[PDB]
Amino acid sequence: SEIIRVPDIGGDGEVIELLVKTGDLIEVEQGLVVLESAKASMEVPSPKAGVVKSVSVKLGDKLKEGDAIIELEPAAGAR
């Protein structure tokens, strides 16, 4: 599996709400969370089709570039 830390933004990212659960199988396409920026709102969908294995962040909590968000478990192989 691989963990997904904050992407390349250039400042501080803040979590507004978490619309995902643990053990939930997402798909490369749907959204995952909504971070905020100095003067703009961004989004973070599922960068990998797998099931939520663990969570290293909380909703409403603020994190800085380099902070891990969640870990997707795509298993060994798929299809």
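Can you find, within region 40-74, the residue that is farthest from residue 22 (Cα to Cα) among those that are of a type in the set (D, E, K, R) and either free of Cβ contacts under 8 Å to residues at least 24 places away in the same chain or not in a strand (DSSP E or B) (or both)? Step through it out loud before you land on a result.
Keep residues of region 40-74 that are of a type in the set (D, E, K, R), which gives 43, 48, 53, 58, 61-62, 64-65, 67, 71, 73.
Going one step further and asking which of them are either free of Cβ contacts under 8 Å to residues at least 24 places away in the same chain or not in a strand (DSSP E or B) (or both), we end up with 43, 48, 58, 61, 65, 67.
On the way: 43: 19, 48: 15, 58: 12, 61: 17, 65: 23, 67: 19 Å.
Looking at residues that are of a type in the set (D, E, K, R) and either free of Cβ contacts under 8 Å to residues at least 24 places away in the same chain or not in a strand (DSSP E or B) (or both), I get 65.
Tell me which residues, restricted to region 1-39, are assigned to a loop (DSSP other than H, G, I, E, B) and charged (D, E, K, R). It would help to see each step written out before you state the result.
Start the filter on region 1-39 by keeping residues that are assigned to a loop (DSSP other than H, G, I, E, B), which leaves 1, 6-11, 19-24, 26-27, 29, 31-32, 38-39.
Across region 1-39, the qualifying residues are 8, 21, 24, 27, 29, 39.
If only residues of region 17-39 that are surrounded by 14 or more Cβ atoms within 10 Å (Cβ to Cβ) and in contact (Cβ under 8 Å) with a residue 40 or more places away in the chain are counted, the one that is farthest from residue 67 (Cα to Cα) is 26.
What number of residues within region 60-79 are aliphatic (A, V, I, L, M), in contact with a strand residue (DSSP E or B) (Cβ under 9 Å, 6 or more places away or on another chain) and surrounded by fewer than 13 Cβ atoms within 10 Å (Cβ to Cβ)?
Step one: of region 60-79, the residues aliphatic (A, V, I, L, M) are 63, 68-70, 72, 75-76, 78.
Filter once more, so that each one left must be in contact with a strand residue (DSSP E or B) (Cβ under 9 Å, 6 or more places away or on another chain): 63, 68-70, 72, 75.
Next, from what is left, pick out any that are surrounded by fewer than 13 Cβ atoms within 10 Å (Cβ to Cβ): 75.
Here the count works out to 1.
Screening region 1-16 for residues that are more than 11 Å from the chain's Cα centre (by Cα) and over 21 Å from residue 51 (Cβ atoms) and picking the one that is surrounded by the most Cβ atoms within 10 Å (Cβ to Cβ) gives 13.
Bear in mind that the values in this text are calculations on the coordinates, not laboratory data. Virtual Cβ from ideal backbone geometry, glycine too; neighbours counted across all protein chains shown.
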